[PDB]
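Asker: Take this sequence and fold it.
(10 chains, ligands or ions: 1)
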Amino acid sequence: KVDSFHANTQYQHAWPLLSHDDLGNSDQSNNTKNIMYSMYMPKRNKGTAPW
Amino acid sequence: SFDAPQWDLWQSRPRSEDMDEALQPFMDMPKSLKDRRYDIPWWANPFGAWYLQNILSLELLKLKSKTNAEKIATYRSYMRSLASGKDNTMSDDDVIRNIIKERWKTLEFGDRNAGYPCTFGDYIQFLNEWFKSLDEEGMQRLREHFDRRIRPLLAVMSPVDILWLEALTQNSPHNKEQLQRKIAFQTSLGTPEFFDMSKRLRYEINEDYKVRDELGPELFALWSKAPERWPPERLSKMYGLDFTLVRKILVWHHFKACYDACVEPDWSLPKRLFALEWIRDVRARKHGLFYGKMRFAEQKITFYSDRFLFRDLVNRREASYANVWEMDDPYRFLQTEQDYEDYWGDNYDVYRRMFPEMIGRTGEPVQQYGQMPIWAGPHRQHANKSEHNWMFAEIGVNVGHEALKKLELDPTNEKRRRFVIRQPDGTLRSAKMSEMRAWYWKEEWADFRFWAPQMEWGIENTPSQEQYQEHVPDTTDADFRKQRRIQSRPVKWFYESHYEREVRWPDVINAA
Amino acid sequence: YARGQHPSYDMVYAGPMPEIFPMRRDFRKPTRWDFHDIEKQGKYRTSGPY
Amino acid sequence: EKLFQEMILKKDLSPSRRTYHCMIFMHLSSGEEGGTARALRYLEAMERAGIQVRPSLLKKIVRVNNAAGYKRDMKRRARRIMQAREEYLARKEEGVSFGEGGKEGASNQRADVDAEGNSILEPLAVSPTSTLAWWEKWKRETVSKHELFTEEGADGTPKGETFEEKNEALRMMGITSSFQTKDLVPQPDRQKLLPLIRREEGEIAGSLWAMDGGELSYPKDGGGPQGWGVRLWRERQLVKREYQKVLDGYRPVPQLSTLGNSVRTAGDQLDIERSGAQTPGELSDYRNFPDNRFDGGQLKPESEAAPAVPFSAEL
Amino acid sequence: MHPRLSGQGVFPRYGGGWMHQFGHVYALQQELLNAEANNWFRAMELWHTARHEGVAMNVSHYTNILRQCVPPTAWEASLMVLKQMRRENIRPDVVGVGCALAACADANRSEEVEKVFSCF
Amino acid sequence: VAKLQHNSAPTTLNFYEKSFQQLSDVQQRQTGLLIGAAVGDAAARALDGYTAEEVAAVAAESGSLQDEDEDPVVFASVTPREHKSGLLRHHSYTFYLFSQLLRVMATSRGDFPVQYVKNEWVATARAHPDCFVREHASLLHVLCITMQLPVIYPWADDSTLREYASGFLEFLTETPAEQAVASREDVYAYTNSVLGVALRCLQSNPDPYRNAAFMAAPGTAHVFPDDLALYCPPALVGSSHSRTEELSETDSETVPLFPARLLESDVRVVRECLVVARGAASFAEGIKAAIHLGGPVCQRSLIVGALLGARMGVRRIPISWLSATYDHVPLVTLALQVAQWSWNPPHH
Amino acid sequence: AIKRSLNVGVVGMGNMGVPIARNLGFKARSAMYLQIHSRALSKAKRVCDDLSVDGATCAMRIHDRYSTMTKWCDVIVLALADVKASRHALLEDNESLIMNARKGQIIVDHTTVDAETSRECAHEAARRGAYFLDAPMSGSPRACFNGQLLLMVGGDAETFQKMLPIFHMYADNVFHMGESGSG
Amino acid sequence: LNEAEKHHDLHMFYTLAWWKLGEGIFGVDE
Amino acid sequence: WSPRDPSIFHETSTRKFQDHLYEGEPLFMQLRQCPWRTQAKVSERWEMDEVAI
Amino acid sequence: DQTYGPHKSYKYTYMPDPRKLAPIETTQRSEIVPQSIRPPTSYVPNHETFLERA
Ligand SMILES: [Mg+2]
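Answerer: Numbering: from 1, shown residues only, chains lettered A, B, ... in the order given. Shown next is the protein structure:
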């Protein structure tokens, strides 16, 4: 009864092969359609991100 | 002592009664009419009896029975007595296909006693209980038939044409005359000049299905017999389809052969054909957040900024592969199939994350150390054995630098960073390569191209001994090398010094 | 040897992907076996390829 | 290289930039060992003689080297292929495969008995009419990979790139290939409507790549903006854009479909079934030239008609 | 009994620079291209271990083999090299063809000089 | 493929089973000359000194094999006779000087002079005088010691290997007397030919027994098989004049004490070991054919076990034979330190 | 004759079937292909979701019909609640597991039933050529989580020796009582 | 939670009379 | 330690045997001690070598 | 029938770290060092005498 309520509200199914980004980018030979997102992140982080 | 009867489409296998309904008007049907239905054969339906009477019998006419020949002869005489000039000479399969087409054209849904073979509801019951008797391969073939034929017609036709086709199904004069009064129903019917695009769309869909189902087994045979003779890039060049499409065809064919035979599929095959793609793309994803993709792994300087970096990149791309597979020289250390299944199965994400550049192995060999003597004897021989492994690493001025990581873990370095691991049984052993790399900063990239035995060595890369003699290493001017050689050699001679004097073998007095 | 950083330029990134929404400002974790916990704390500039 | 050094040494002619680029890209495109090391010698000869080194030359050098990586890998794999061929020809004469064919370990350690003597669980045998059982039988009963070709290709590469060697290898494997030449290749790069549908809306097939019935891309059953109606409407809009391209002369005229023929006027269907026209242009030629057809209403080929040549073309 | 160049500042930058996992590949390439080696019998044996270890050999490796065959006048060894270079489509340089031409001329093999001259 | 977890199945059968995968293709042949001689000398230990008929009596008295038991000749359960000194109950006296040379070779991190090992070799001969006088300055004992010398640099030629081994061949044939040997140069030439066999085995040479016969020492045709004796160079005319100087003394009663066994009797044992190790299909089958010959059988399997391990590597050695070796715990650790440090010596 | 893993299916996700399926999913490391049956597919999806989120060492596969469960599995294990449900799943249904059993399958019934039900089950399984074991379990679901269950297996002894490595993943005291019906 | 649809609207398209328009769609393609 | 428990899924939690790889731990087994053999009336220990391996 | 997860080409649909699926072995200290009990001597014949002396 304590196991039936706790469902998977934490994980998600993994990325398939040759998948795209959530922003729409993809790993192709032509990267003019893809963009970087380092300038949208905050400039300084207290600590160290996993990436 | 029981023989399982063979099941096919002629006599369907009996199924359970708690199965879900395939068609939409049967899911909301009340259960009393569900219990009203009787278990009958498939031809006991009037639509099934019609299909067995005029369609399936004409398909059975293609066999070598004599009554099939008599029916073929009277069908030829009938079609020649219709009009002679249109069908002067054609084979038996041609008249079978023609009468099958003409009997498929003249199918209508009315009362069974009014001159029509079946009703609309009998056809819906036939569709529901025909879809209920399908397996996963049957549903797959049904969806493939939908994609090949019905999907281009649905992509071209207007919804008012679908309403017109539904009015042709139901065959009610009141519904047809209620639809016929509307001007927007009559004017918005599609033109055949626009309807002719469905032929090209159907040809493109059947062309992709011919890429999959016809070229697929040929690609699978050519790749599965000799993959080193026909790699996927060679097949992609000689057939001109694509690289990733050929690899997806191979993966789909192996998984389709495994799933249809009730066999657990070889999960290592997408790791072997999409190895760079598995390392790059396949990540663990959490639920309530969005992720991105790294354009580069490192913030570096470009190789177009200098001529020497450009020459280094061109020389490294010369010494590299374009695509690496399971049979190449970097994967030649997998000499046993157990190592093959261990590397490509369930630990490839760990085995590839050991070292970034592809080397001739995956880690380092483990060697053990000697225990110093404990003068208390067996009173303290129990104290080194414990519950867990005790891992000890070195620090200091010389040790602990991230810039010198591959030099401090070099086993050919006499100032190597010392690691030790005491096992729970008291054994002192050295650390593994991942155990040594765990004490530094993370290095989360991988090189899938460069292979160092492919480096050029004869034309431009010629290391000379005179260039190493420019440093002028001398033993008389510096004696650190001789002192380390003295520290390396054993000191057993110091006790037998008085026992120039040179050491000889012991002389025997019993044999002399 | 005193030119560039690494001659590869084929570095397939094998680490975790960055998170674009919601963007977390501080990454502070009380750890037990992290020996780089001094270097992993402090305000650092997050500017890279991404 | 002979004509190059005969131009340089004998006739003392200074070569231009294009013929230096030719000697660079010839050694780069060749997959033999040291072609990059000689292309860099030609680059050094361009640098120290005042010949201009353009950035387009550098980008083309990188692109041509990455393209000729395939030829390099083929010439590297052919050496291991020849090594395995020599080792197979040695070990089939020494006879170690005859001693290795006897499964004495499988006879002593049976499939139902472990090393100690207990009974273990054996998986049930699959049906021999399945695809996987036939693939394993084709792996075991066919000829080896080393008996397919005795010699290798003309220039450093393994045999099997052309279609004659591919068909011969498939004949040695007991497979009659349906695609003998490259004319019988489906060529998905020629498709125009299908990638246009796949780019904007999505995969129109869906069940093309379906392993066990869950990798199919189909619209939802509830309706709304994700239902079948909006998807079929957007597919019809894309086909309407393509048909508008057909009407303006950018695309060729499509042939007569069965759906198009069944909606036509019955007289046009009768003319199509009596004439055998594939395109509506053939139907227009059937109607506007009634003396061209046969006596059974059948359409004559195009070569049997000759128009009147005016004399005013002789001006 | 040592590799003549060990590492740490003698190998080029694009190869990583003393990858110790390939320390035997660095020692084998210097034995193949040793300009002071004059034993032709070891030169044929050193090709068979570079073939086994997967060492890429350009025309400079085969020219060093053909050079060592001329003072012992090994005319049979010079033709087995040119058979292998034709087998792998590695075109010999004019110095390498001149070594096999001189190895067959000093052995009074006049029929074999003329058929290897007409090849190039 | 994977079996259910049952009956407490072990992950690995040895400490260094998965460490052999972490070596290169030449380092498996470098350690194969070291560990393969350790396995063969330990396997033929219980039948050392047995004749060819006594070994066949061991295989005949035990005829019960359940197809998971191995040959009763290999690792026999028979009772030894002198039954031993302390450490020599698992390996022969020839292996005691072999393991001491490997211990110096692992700590010297490359090539090393003979004076680093001279004090440890004379300590065992002082401790075991009966085993010293039986095997000193003999061809079987000298060749087994210097067998592990091309592990320092396997790409060396015969000129570099015979020059480096010449300092080791001097001290193994030197005895503190004027009655040294019957011939110094014959034991030198016979050792340099079989050291060329193991040099070609680490280089993965095609037919290493044939090509070592071409570049063999002159006058060493008897140590090779008869089909390869035609390719050996003949003895020198000046070397035949040195054989007349030995006949010019004419002292048959004055027989030298070292070696105890005859030199021509030792050529037959090495020639029988080159026949067995040439046509050996596997590492285990070539050792079983070596102990069936009998006689000096620990030195037989030290030649065959080294030459076979140098051909097919350490992974072709059966891992159940390695775990039964008493000395396998330090020696494989010492064998890894030789193969790692052979490619970057710190001195040069 | 394809070298592959054992296809093991668990029929019925109830009070005791779910910890049996979780013990087979955790403690079998790439040695079996796990199949999970339930009357509702959402329950099997929930069981496989919890097993994949918590981290299992084998691949799992949901089923909704007994015919696919019969044609896929080499070993079938039933842990149901009532004797009526087990008699429907084994004998009374048209796609039932024993009536459509293939040659060489092994069907173990952990549901406590009567004597005549297990007698007819073993008789019709021997008539079809398959094997039937009746092993009624004694213990709580918390004891099934700890791997300590009491099993009394009736059936063949060689089949019991084959099924002991699967029985030891969720049950501790596993006894072989003898012929069919003794457990 | 979320339930993946079994795509019953695939089956509603087969209720139409495609033999009247395609002239024998349900057979084998020519 | 199940990762679908929100107290274990949280990033500052000691119900895991690592730091940055994952959350929780799938079905780990530990051994307790039973100091209850002295409560028995007769308790003996028989030293014998292992014979089953 | 169908495999769990929408991908159906992967063994694990959520794709965890493969070190999560690695087992954890254990060994009690009682397997390493035993625990012995000394009998009561004449100086401390009972346990209440032992608590009185402490
Ligand atoms: Mg050095």
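Asker: what does chain H put close to chain A?
Answerer: Residues of chain H lying close to chain A by Cβ under 8 Å from any Cβ of the partner chain are residue H:1. No exception for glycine: its C-beta is placed from N, CA and C like everyone else's.
Asker: For chain H, which residues are neighbours of chain D?
Answerer: Counting by Cβ under 8 Å from any Cβ, chain H sits next to chain D at H:4-5, H:7-10, H:20-23.
Asker: Which of those sits closest to residue G:150?
Answerer: residue H:4 (39.6 Å; Cβ to Cβ).
Asker: how close does the closest one sit to residue A:18?
Answerer: According to Cβ to Cβ, to the nearest Å, residue H:4 and residue A:18 sit 22 Å apart.
Asker: who's more crowded, those two?
Answerer: It is residue A:18, of residue H:4 and residue A:18, that has more neighbours when counted by other Cβ atoms under 10 Å in any protein chain shown, with 15 against 10.
Asker: Wait, a helix at that one?
Answerer: No: using DSSP: H, G, I helix; E, B strand; the rest coil, the assignment for residue A:18 is coil, not a helix.
Asker: I'd guessed it sits against residue B:277; true?
Answerer: Yes: here residue A:18 reaches residue B:277: they are 6.4 Å apart, a contact under Cβ atoms under 8 Å.
Asker: buried subset of the residues of chain H next to chain D?
Answerer: Buried members of the residues of chain H next to chain D, scored by 16 or more other Cβ atoms under 10 Å in any protein chain shown, are H:7-10, H:20-23.
Asker: need the residues you listed in a markdown table with distance to chain G, can you?
Answerer: As requested, these are exported to a markdown table (distance: Cβ to the nearest Cβ, whole Å):
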| residue | distance to chain G |
| --- | --- |
| H:7 | 15 |
| H:8 | 15 |
| H:9 | 19 |
| H:10 | 18 |
| H:20 | 35 |
| H:21 | 35 |
| H:22 | 33 |
| H:23 | 36 |
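Asker: is it fair to say residue B:476 lies in a helix?
Answerer: No: assigned with three-state DSSP, residue B:476 falls outside any helix and is coil.
Asker: that older thread, within reach of chain I, which of the residues of chain H next to chain D are there?
Answerer: Applying Cβ under 8 Å from any Cβ to the residues of chain H next to chain D, none is adjacent to chain I.
Asker: Which two of those residues have the greatest separation?
Answerer: H:4 and H:23 (36.0 Å).
Asker: give me the number of residues near residue F:154?
Answerer: When neighbours are counted by other Cβ under 10 Å, residue F:154 comes out with 27.
Asker: mind listing what the closest residue to it other than its chain neighbours touches?
Answerer: Spatial nearest neighbour of residue F:154, chain neighbours left out: residue F:202 (3.8 Å); criterion: Cβ to Cβ, 6 or more residues apart in numbering or on different chains. The contact partners of residue F:202, by Cβ atoms under 8 Å, 6 or more residues apart in numbering or on different chains, come to F:26, F:29-30, F:33, F:150-151, F:154, F:310.
Asker: Got the phi and psi for residue F:202?
Answerer: Backbone torsions for residue F:202, taken as degrees, to the nearest 10, come to phi -70, psi -20.
Asker: on that earlier part again, okay, the contacts of residue F:202 in JSON lines with secondary structure and distance to residue D:261 next?
Answerer: Formatted as JSON lines, the contacts of residue F:202 follow (DSSP: H, G, I helix; E, B strand; the rest coil; distance: Cβ to Cβ, whole Å):
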{"residue": "F:26", "secondary structure": "coil", "distance to residue D:261": "74"}
{"residue": "F:29", "secondary structure": "helix", "distance to residue D:261": "76"}
{"residue": "F:30", "secondary structure": "helix", "distance to residue D:261": "79"}
{"residue": "F:33", "secondary structure": "helix", "distance to residue D:261": "82"}
{"residue": "F:150", "secondary structure": "helix", "distance to residue D:261": "84"}
{"residue": "F:151", "secondary structure": "helix", "distance to residue D:261": "84"}
{"residue": "F:154", "secondary structure": "coil", "distance to residue D:261": "80"}
{"residue": "F:310", "secondary structure": "helix", "distance to residue D:261": "79"}
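Asker: Go through those residues and say which is closest to chain E.
Answerer: Checking those against chain E with Cβ to the nearest Cβ, the nearest one is residue F:26 at 4.9 Å.
Asker: Return the distance of that closest one relative to residue F:314.
Answerer: The value you get for residue F:26 to residue F:314, if Cβ to Cβ is used, is 12 Å.
Asker: ok, these two, which is more surrounded?
Answerer: Between residue F:26 and residue F:314, counting by other Cβ under 10 Å, residue F:314 is the more crowded of the two (30 against 26).
Asker: Is it correct that that one is in contact with residue F:37?
Answerer: No: the criterion here is Cβ under 8 Å, and residue F:314 misses it with residue F:37 at 11.5 Å.
Asker: so what's residue 23 up against?
Answerer: Going with chain A. With Cβ under 8 Å, 6+ apart, residue A:23 has these contacts: A:35, A:37, B:290, B:292, C:20.
Asker: try again with chain H
Answerer: Contacts of residue H:23 (Cβ under 8 Å, 6+ apart): B:101, B:104-105, D:258, D:262.
Asker: Nice, that's everything, thank you.
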